[PDB]
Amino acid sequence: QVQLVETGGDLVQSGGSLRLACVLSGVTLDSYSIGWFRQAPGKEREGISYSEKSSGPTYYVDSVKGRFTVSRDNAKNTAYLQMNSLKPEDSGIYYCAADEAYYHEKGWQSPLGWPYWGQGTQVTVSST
């Protein structure tokens, strides 16, 4: 069936960068929409970015706009999340999600609608 594995999290300083990978297994990347989520301690799993299948649009939340970027590698069946100019407020566990559905621009940020999830990867951004 569908399987997600997120990797790439690491301890990084403020202002640095980090690239997160989400390897799809069992299905084709082009036929699934990918969404990235993060979970701060004590808070719920909140959406960050959305990559619609079939060359659809990409949506980002206002807090990461301009600093985060999502890409797709059909050869490696892997979705990426480029995170630049990180801040200590970006810390938490980051998950990817997959769904064969075309989402609305304001209807994907909730995690309750996504059926397939990974297992998360910790991103720690120390202050200065």
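Residue indices: 1-based, along the sequence shown.
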{"item": "Chain third (lowest, middle, highest) by recorded CA B-factor, residue given as residue 52", "value": "middle"}
{"item": "Lowest, middle or highest third - CA B-factor, residue 18", "value": "lowest"}
{"item": "Residue 4, C-alpha B-factor rank within chain (lowest, middle or highest third)", "value": "middle"}
{"item": "Assigned third (lowest, middle, highest) for the C-alpha B factor of residue 94", "value": "lowest"}
{"item": "Third of chain Cα B-factors occupied by residue 35", "value": "lowest"}
